[PDB]
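Heads up: the sequence lines are chains V, S, X, H, A, Y, G, W and C, in that order.
So the first sequence is numbered by the authors' numbering: it starts at 209 and just counts up by one.
So the second sequence is numbered by the authors' numbering: it starts at 209 and just counts up by one.
So the third sequence is numbered by the authors' numbering: it starts at 105 and just counts up by one.
So the fourth sequence is numbered by the authors' numbering: it starts at 157 and just counts up by one.
So the fifth sequence is numbered by the authors' numbering: it starts at 157 and just counts up by one.
So the sixth sequence is numbered by the authors' numbering: it starts at 62 and just counts up by one.
FYI, the numbering for the seventh sequence is 62 to 142, 158 to 182, going by the authors' numbering.
FYI, the numbering for the eighth sequence is 32 to 42, 50 to 104, going by the authors' numbering.
So the ninth sequence is numbered by the authors' numbering: it starts at 53 and just counts up by one.
No residue lacks a Cβ here, since even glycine has one placed at the ideal position from N, Cα and C.
Worksheet: one structure, shown below.
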Amino acid sequence: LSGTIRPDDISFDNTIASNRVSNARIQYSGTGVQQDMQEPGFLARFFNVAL
Amino acid sequence: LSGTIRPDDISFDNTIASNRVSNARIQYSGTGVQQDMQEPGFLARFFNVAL
Amino acid sequence: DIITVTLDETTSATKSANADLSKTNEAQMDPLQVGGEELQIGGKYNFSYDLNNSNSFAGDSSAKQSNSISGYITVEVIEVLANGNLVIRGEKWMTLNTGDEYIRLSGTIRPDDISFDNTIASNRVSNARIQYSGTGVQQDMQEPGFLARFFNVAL
Amino acid sequence: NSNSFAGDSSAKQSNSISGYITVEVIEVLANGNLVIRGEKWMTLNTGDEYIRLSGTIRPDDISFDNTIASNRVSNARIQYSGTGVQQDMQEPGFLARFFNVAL
Amino acid sequence: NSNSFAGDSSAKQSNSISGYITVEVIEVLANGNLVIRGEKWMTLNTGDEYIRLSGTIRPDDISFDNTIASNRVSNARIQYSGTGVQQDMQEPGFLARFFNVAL
Amino acid sequence: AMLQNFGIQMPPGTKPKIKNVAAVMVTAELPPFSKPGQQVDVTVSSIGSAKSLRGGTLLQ
Amino acid sequence: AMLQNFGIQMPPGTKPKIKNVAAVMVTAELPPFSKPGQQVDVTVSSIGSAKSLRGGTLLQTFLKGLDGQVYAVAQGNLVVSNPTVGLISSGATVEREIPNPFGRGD
Amino acid sequence: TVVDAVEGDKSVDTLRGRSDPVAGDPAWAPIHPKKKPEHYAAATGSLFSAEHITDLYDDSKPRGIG
Amino acid sequence: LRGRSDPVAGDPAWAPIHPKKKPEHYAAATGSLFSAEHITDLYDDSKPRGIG
């Protein structure tokens, strides 16, 4: 996560909601052979971009 | 999102409704092979514009 | 110094991820008929077409892990650190009928975490090393051996 | 005439861990934040499992019983895994990895 | 295409003992801890069973009736077993041991 | 927050039940050519609901 | 926490039921050229809900400067007239020196 | 040598088409706050320093690097 | 044939750091038992504040 926040939006327990973050970049993903199963590869990508 | 707003429309918690934004440009979309599945491509576009 | 450790550990971890992609096309047109006859483009081409595609993908992965131990183990202080923390270590052996089992615990604890009855929880032990296992022919039945290990590492 | 198109995509991901891990302070920062690190090994019957945690925490987030939640740890690195032939069963190996990366 | 993999591992272990054993102090340590040791033999009809316990205890853990729990014993060595032809039936012997260590 | 500054941190949601402490606003006028080490008057006015500030002591 | 510092640690959640102890804020002013071993007055003011500090005894408290370092230790017997504010004539013993620019320059 | 013994050497993508992130990337690593300079109270005779004072009543929101 | 290297228990990269021993006070220099590095506040909560 990266972004810009206001100190006024930080609650009493030092927590801020994610929708209060300006220029937010949120990335939740995996890595390795586990992530290899989530993508189709070249074969299906060509078929999907052609049809 | 881009647009022009009045400071009078900003509520107490520093939040403004999206229907109060003048010259609004709202874009919610994807990117990559995920977005490739959302469009038909040239073949269906030609058939749809011819018939 | 003798300190009693209550073995109460329970860890559980799960993860999951999956993805889908799908796309389809279906465009069909019957030959155009105008004026009672079938229109022809060029010399042999009709005003008709037929398109049919279907692409699909699905991929998922998962993992899961958990463990727990319950019991007691009494250890002793083997070293006192500069801040007063106590490095503890001890082992415990039990031979019930046949076969020896052992419990071994080492780690570092705070004296502040030792309760009134001279007992400390096992999750309060820093650098914990907990070992509960057997020995002998009883433990030989718990491992597959070379044959299955090679098959499991090859496939 | 009859033209038709339909295309969709989806994804999903989740995880959870539950347990305890006791670590120690390895460095004190300029603002008083504490860099923590530690590991924990358990051999139950056969096979060794480990838990490893590192990160940076605020002393203000440490509760009264000297316990801090894991979501309060900055730059967190949490690792819960096994070791040995037990972990060999959790991975497919070269054969399935090549098939999964090719298709 | 269709690729699939699944791999799991598991282990489990437990034990329990219930009874009584009366031992004696064999050594007094510098901090007042007591090193204890003792054995107990019972021949009921046929075959001898024994209980053996050794370890170190705190005098603070000895209750009012001069009894201490077995989980309060440091460096505990508890042995409950039999002897003779009765114990011969509890072990498989060389033949099954070789088969179990080979497979 | 002041108690946390001295090493006493109450668990969240704990009501102090204080009755000898009042929140105030402190105002001072800095005379011209005021040098470090000099002392000036301060006016202390209560901003909460304290009934009296008589006999009090202003903290840092 | 103070009782833990002496070897008595109550089980968690135990209510002390104390009635002769009051939490206070101790303030001392360090005169210029204060040397270690000297004694200064301290003002003791109650911050909780104690009805009176009359006849009390201030336990060992460390007095911190604006830089967060301890410069004195305060004990002694309170002399109260407002029953919640008392004074000690030599409560704080100076334990550290603060440097001075008096001898510098022309 | 350039490899530390304690930490160790920290050093088919063409068929994947993607590059996986690495844990510990400096582009995402935290920044340790700069150490404040010492006050040198001997210059003024006072323990007050504008960069070192702590307000007793502030909520201590994040206000600086780290 | 595995393609992975298993961790080892006791790795110095994850082992705890024993705190540095504080120097002795030498009260004979000042005549007092006060030492800024050795005093213990009676009322502090004793949060973690140093290595170890």
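Drop a sphere of 10 angstroms on the beta-carbon of X:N171, count the other beta-carbons inside from all chains shown, and report buried for 16 or more, exposed for fewer.
buried
Unbroken beta strand (DSSP E) run spanning H:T199, endpoints
190-200
Between H:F161 and chain S, is there a C-beta pair that is closer than 7 Å?
yes
Boundaries of the alpha helix (DSSP H) in which W:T52 is found, first to last residue
51-54
For V:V257, count neighbouring C-beta atoms within 10 Å of its own C-beta (all shown protein chains included) and say buried if the count is 16 or more, exposed if not.
exposed
Got a sec, what are the start and stop residues for the alpha helix (DSSP H) V:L251 sits in?
250-258
Members of the stretch 203-217 of chain H near chain W, C-beta cut-off 8 Å
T212, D216
Are X:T202 and A:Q235 touching if we call contact CB-CB under 7 Å?
no
Which residues DSSP lists as bridging S:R233, in chain order:
S:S210
Within the continuous beta strand (DSSP E) that includes G:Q121, where are the two ends?
118-125
Residues of the stretch 94-117 of chain Y with Cβ closer than 7 Å to any Cβ of chain G, in chain order:
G116
Could you compute how far the alpha carbon of H:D204 sits from the alpha carbon of H:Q243?
9 Å
Hey, would you say H:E183 sits closer than 7 Å to H:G194, going by beta carbons?
no
Helix, strand or coil for Y:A84 per DSSP?
coil
Can you name, in chain order, every residue of its own chain whose Cβ lies under 6 Å from the Cβ of S:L209, other than the five neighbours on each side?
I234
Given 8 Å, three or more beta-carbon pairs between the stretch 96-104 of chain W and the stretch 154-166 of chain X:
no
In chain order, what residues of the stretch 173-187 of chain X put their CB closer than 8 Å to some CB of chain D?
No chain D appears in this structure, whose protein chains are V, S, X, H, A, Y, G, W and C.
In DSSP terms, what X:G139 is bridged to
Partner(s): none; X:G139 has no beta bridge.
Could you check if A:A232 is buried or exposed, using at least 16 other CB atoms within 10 Å of its CB as the buried criterion?
buried
For chain G, check one thing: does any of its Cβ atoms lie closer than 7 Å to the Cβ of W:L94?
no
What do you get for G:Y132, buried or exposed, if any count of 16 or more other CB atoms within 10 angstroms of its CB means buried?
buried
Along the chain, where does the beta strand (DSSP E) that runs through X:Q169 open and close?
153-184
Considering only their Cβ atoms, is the gap separating G:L114 from G:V141 smaller than 7 Å?
yes
Have a look at X:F220 and C:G102 and give me their C-alpha separation to the nearest angstrom.
27 Å
Would the stretch 211-229 of chain H and the stretch 164-173 of chain G be scored as touching if the rule is three or more Cβ pairs under 8 Å?
no
Let me see if you follow: with CB-CB separation under 7 Å, is H:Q242 close to chain X or not?
no
Measure the beta-carbon distance from X:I173 to X:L111 and round it to whole angstroms, keeping in mind my assumption that it falls under 8 Å.
5 Å
With the cut-off set at 7 Å, would you say H:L251 and A:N157 are in Cβ contact?
no
Is the Cβ-Cβ distance between A:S230 and X:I218 less than 7 Å?
no
What number of angstroms, rounded off, separates the C-alpha of G:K96 from the C-alpha of G:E173?
6 Å
Which one of G:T75, G:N176, G:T122 has the shortest CA to CA distance from G:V103?
G:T122
I want to see whether chain X comes within less than 7 Å of G:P72, judged by CB atoms only; does it?
yes
Along chain A, which residues have their Cβ under 7 Å away from the Cβ of H:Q246?
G163
For a test of the three-state rule: what should DSSP assign to G:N138, helix, strand or coil?
strand
Beta bridge counterpart(s) of X:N129 as assigned by DSSP:
X:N157, H:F161
Would W:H90 and H:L185 qualify as a contact pair, given that the criterion is a beta-carbon distance under 7 Å?
no
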